[PDB]
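Next up: a single chain in structure tokens, the form deposited in one PDB entry.
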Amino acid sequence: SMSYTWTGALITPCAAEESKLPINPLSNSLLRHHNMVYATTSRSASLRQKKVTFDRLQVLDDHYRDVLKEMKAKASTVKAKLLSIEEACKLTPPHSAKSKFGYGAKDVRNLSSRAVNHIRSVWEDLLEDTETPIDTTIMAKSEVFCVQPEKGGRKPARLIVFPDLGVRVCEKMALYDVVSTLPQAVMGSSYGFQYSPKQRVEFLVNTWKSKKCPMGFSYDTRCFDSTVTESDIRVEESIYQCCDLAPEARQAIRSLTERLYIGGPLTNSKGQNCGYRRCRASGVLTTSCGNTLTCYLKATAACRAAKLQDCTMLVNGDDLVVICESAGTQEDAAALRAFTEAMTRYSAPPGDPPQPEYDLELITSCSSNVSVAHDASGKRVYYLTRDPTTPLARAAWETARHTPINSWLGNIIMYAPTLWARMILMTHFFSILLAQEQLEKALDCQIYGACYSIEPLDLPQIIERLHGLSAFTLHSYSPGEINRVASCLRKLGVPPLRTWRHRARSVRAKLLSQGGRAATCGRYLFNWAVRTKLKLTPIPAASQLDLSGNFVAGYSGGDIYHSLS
């Protein structure tokens, strides 16, 4: 059983694609070694196809089956609603890809009769037809990176695979409530996406302290999406089907699974057949939910197979953290070998073999880690940080070129307490946004895979919700964190942190000189910048402001939209 089959027709672009950065004063202002920064393109898709195309040998044992039955019994608890066409339409991102059938996301949100009548038609088809493979498009994705310390080798583009806009809206009607509700119900504490960054570090610490002699390790699968077998996707359906479901919801899930999720034909931008998928599609609604469940299940079973004791995992799609009781240095390494041997039998080998860790801080997952800092009162605070290379590289791209998804905004929101996000990112973009009249224009960003639409001037509020107000006061970051940040500036050619401090003094002055929510941006975001730091107090409409069901689940490649909060 092969993950993909190719006819030889190319993965084709729809427009021109820029690779290298353009040299302009504003990006220079941030980053100097321009030629360290690249965007991916169609040209490398070939390469990506090679990494992602293989055969899958799966062998399931009793541990796996036991864990499934356990997961399923929890899933039996769920009652999931069928969404209305309207409800589902309003979950569609305004810039989601337009349909083959003469209407785009705008029309769907407007509930254009062409759109809703097509969607109704696509819905009925899921009820009438139970086997005909549903068309998907395959595209090379445009993502920006910094090149490897390994000379001049670049990641090839990733491949997105997604059904037409009308299918996608149906997917929401059928499966949205499921995909939002079930993972927590089945996986409890282990379900990553139920956690704000603050809550995620909380859970990791409390877990780490709850052990007598702790021992954590990160796991990650070489192309998880290709390792997802047809069987995996039907197992995953069997979990979903344990929900109380509307009859048409049950069939829709039944049809989507056979027709779309287990695989199907791949069409390119030009309309020709590239071939066939027998693994997970990156761009369906159930991708993140599927990946997480599948990973949780395979992982959980692999512990019991390697007799690790008191495992507590955190799962975010493909990304797996595990913290457990240690059996001694030499044992641990041997058990972790066996974990991997199990996962591999379940068709999920790792990129790089897990290595046991005896400090929580050295464990990295979802590209991020726990680091330590202190607040005003000097009492020691835990927060979530990241190697700033890729964030800064993208910040330099989105400065010198208009991007659909403003990644820098996402990172400030998410990594608000971190060193580099405050001193470099915040300063750089509030500088730009002030020069060009544009603090109030709402910008599109991406949190946990869902598209959000946020105004810069609501950042003190938002940051306070997620990380608390202490995220405006942290000051004594760990040596290793400062060492890592500093070495990253040297790599990309970013002016050392000293430099941003005055760029930021100027910068808190511009904002106080303007009142309103603009001023409390200056005051709160840049209290690290003045040497005569004033005190900070819980902002008014700044949590009890706007609330919702935001950070309750992930929708990576799931086409989900929240202007929420």
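Counting begins at 1, following the sequence as shown.
One more form of this protein exists, namely the form solved in complex with a small molecule; it is left out here, but the text below deals with it.
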request  = Using heavy atoms only and a 4.5 Å cut-off, decide whether all three of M423, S476 and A486 touch the small molecule in the entry with it bound.
outcome  = yes
key: Which of 489 to 497, 326 to 334, 86 to 94, 99 to 107 lines the interface with the small molecule in the entry with it bound (heavy atom within 4.5 Å)   = 489 to 497
request  = Consider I482 of the chain shown here, and say whether it contacts the small molecule in the entry with it bound, taking contact as heavy atoms within 4.5 Å.
outcome  = yes
ask   = Are any of the heavy atoms in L245 no more than 4.5 Å from a heavy atom of the small molecule in the entry with it bound?
value = no
key: 4.5 Å heavy atom contact, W528 and the small molecule in the entry with it bound   = yes
inquiry  = Is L419 part of the interface with the small molecule in the entry with it bound - any heavy atom within 4.5 Å?
reply    = yes
